[PDB]
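Colleague: Build the 3D model from these lines:
(one chain, ligands or ions: 1)
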Amino acid sequence: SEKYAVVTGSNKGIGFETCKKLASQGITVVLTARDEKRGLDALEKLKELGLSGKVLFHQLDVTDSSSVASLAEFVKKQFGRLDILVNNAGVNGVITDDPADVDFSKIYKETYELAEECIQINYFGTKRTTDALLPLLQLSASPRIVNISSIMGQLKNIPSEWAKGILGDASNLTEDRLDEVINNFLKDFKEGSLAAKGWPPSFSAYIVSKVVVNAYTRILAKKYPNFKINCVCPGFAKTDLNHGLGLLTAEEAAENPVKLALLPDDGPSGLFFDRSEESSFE
Ligand SMILES: NC(=O)c1ccc[n+]([C@@H]2O[C@H](COP(=O)([O-])OP(=O)(O)OC[C@H]3O[C@@H](n4cnc5c(N)ncnc54)[C@H](OP(=O)(O)O)[C@@H]3O)[C@@H](O)[C@H]2O)c1
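Modeller: Residues are numbered from 1 along each chain as shown. The relevant structure is shown in the block below.
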């Protein structure tokens with residue numbers, strides 16, 4: 001009867017709002033955060049809303065194997081299974097550094113270290129968390145995995161014909177092939193050859209991370225036909241990711257992953273959604 005969810009990176013932003021919506025529907029939700037204080041503060045806010053679903057907190061840093069293992073063991077002990085995983089934790093890989101004359105071209109700085117970390121959080125963190133929780137999801141009557149992506153994850157944002165050839169060939173997609181794409185991107189980043197090798201010149205790591213997350217979503221969906229495993233652009237949302245800029249509120253944006261978490265049992269899998277609408281991987 002009761003259903004269980006984990007949302008990664010849910011002390012704030014879209015993740016927080018996703019926890020709220022799931023708990024409002026009666027789902028037992030584990031809010032997670034890499035920082036304990038931020039996570040406990042967020043839990044307190046959710047407790048104040050008197051939602052039907054129980055809310056719990058557990059620490060989680062998706063880049064830390066010990067942290068991931070501890071979360072998995074907690075879920076195993078508390079629930080014995082998991083029904084929903086939302087892979088929401090993510091970063092943009094940049095740091096901030098006449099009105100018509102105002103030039104913003106240098107305000108966002110990108111470094112190799114930030115690129116590497118962005119890929120580690122957005123992609124390897126999603127993979128690590130999913131791997132750890134998969135045995136528990138396998139015990140659900142209707143498991144769901146929702147990977148939060150971006151419209152910038154469409155293949156058309158990567159000029160490289162080499163990269164698109166691998167990333168777009170669904171029938172031959174493997175985790176090892178995704179590693180080859182990542183490795184080459186990072187090598188090219190470090191060498192200073194992004195333009196020459198057909199990588200996006202700006203928000204480079206973020207875009208690559210999201211294209212790869214979309215491809216990873218397809219791999220998973222094929223391996224686990226009883227699961228609903230979908231990826232979703234939640235929309236351009238006013239969160240700290242964009243330093244407060246956006247068109248949607250975080251609450252409005254969270255509607256989109258929540259719908260994918262709460263699909264009917266005969267619902268789709270292996271698809272990309274732009275907000276509420278099915279969209280192309282291309
Ligand atoms: N807002 C948008 O316009 C937009 C558009 C498309 C997609 N998205 C995606 O939506 C997701 C949520 O982003 P948001 O807009 O809500 O941004 P946000 O407000 O910056 O929230 C990011 C969340 O991820 C957490 N996080 C970062 N690194 C982590 C790690 N290593 N382990 C665990 N958690 C970590 C953050 O924790 P801390 O508080 O500790 O940093 C925070 O809770 C991301 O995947 C993002 O790519 C957002």
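Colleague: Would you mind measuring from residue 133 to the ligand?
Modeller: 14 Å (CB to the nearest ligand atom, to the nearest Å). (Each C-beta comes from the backbone N, C-alpha and C, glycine too.)
Colleague: For my notes, confirm that residue occurs in a helix.
Modeller: Yes. Per DSSP: H, G, I helix; E, B strand; the rest coil, residue 133 lies within a helix segment.
Colleague: I'd say it and residue 6 touch.
Modeller: Yes. The criterion here is CB atoms under 8 Å, and residue 133 meets it with residue 6 at 6.7 Å.
Colleague: Spit out the residues that contact those two alike.
Modeller: Here residue 133 and residue 6 share the contacting residues 71, 75, 82, 85, scored by CB atoms under 8 Å, 6 or more residues apart in numbering.
Colleague: The second one looks like it's in a strand, true?
Modeller: So that's residue 75. No. Residue 75 is assigned helix when assessed by three-state DSSP, not a strand.
Colleague: thinking again about what came up before, sort out for me which of the shared contacts of residue 133 and residue 6 are in helices.
Modeller: 71, 75 (DSSP state H).
Colleague: Residues of the protein that sit close to the ligand?
Modeller: Residues of the chain found near the ligand (CB under 6 Å from any ligand atom) are 8-15, 33-35, 38, 60-63, 88-91, 121, 125, 148, 150, 233-234, 236-237, 239-242, 246.
Colleague: Need the buried ones from those residues selected in PyMOL.
Modeller: Listed next is the PyMOL selection for buried residues among those, using 16 or more other CB atoms under 10 Å:
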select buried, resi 8+9+10+11+12+13+14+15+33+34+60+61+62+63+88+89+90+91+121+125+148+150+233+234+236+237+239+241+246
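Colleague: Most neighbours of all the shared contacts of residue 133 and residue 6, which one?
Modeller: residue 85 (30 neighbours; other CB atoms under 10 Å).
Colleague: any residues touching stretch 168-177, and which ones?
Modeller: 127, 155, 166-167, 215-216, 218-219, 281-282.
Colleague: Can you turn the buried part of those residues into a PyMOL selection?
Modeller: Of the contacts of stretch 168-177, the buried ones can be selected in PyMOL as follows, counting by 16+ other CB under 10 Å:
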select buried, resi 127+155+166+167+215+216+218+219+281
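Colleague: if you look at the contacts of stretch 168-177, which of them are in helices?
Modeller: Those of the contacts of stretch 168-177 lying in helices (DSSP H): 127, 166-167, 215-216, 218-219.
Colleague: mind listing what's buried in stretch 180-198?
Modeller: So stretch 180-198, judged by 16+ other CB under 10 Å, has buried residues 181-182, 184-186, 188-189, 194, 197.
Colleague: So what pairs up with residue 28 in the strands?
Modeller: Residue 28 has these beta-bridge partners by DSSP bridges: residue 4.
Colleague: what's the burial count for it?
Modeller: 19.
Colleague: you'd agree it is up against residue 1?
Modeller: No. Taking contacts as CB under 8 Å, residue 28 lies outside contact range of residue 1: 10.7 Å.
Colleague: Endpoint to endpoint, stretch 133-143 covers what distance?
Modeller: 11 Å (CA to CA, to the nearest Å).
Colleague: Now it: buried residues?
Modeller: 133-134, 136-137, 140, 143.
Colleague: In terms of distance to the ligand, which of those residues ranks first?
Modeller: Nearest to the ligand among the buried residues of stretch 133-143: residue 133, at 14.0 Å, using CB to the nearest ligand atom.
Colleague: OK, contacts around that closest one?
Modeller: 6, 71-72, 75, 82, 85.
Colleague: one more time with 7 Å, if that's ok
Modeller: By CB atoms under 7 Å, 6 or more residues apart in numbering, residue 133 lies in contact with 6, 72, 75, 82, 85.
Colleague: which pair in the residues you listed spans the largest distance?
Modeller: 72 and 85 (10.8 Å; CB to CB).
Colleague: Helices - which of the residues of the chain next to the ligand land there?
Modeller: 13-15, 38, 125.
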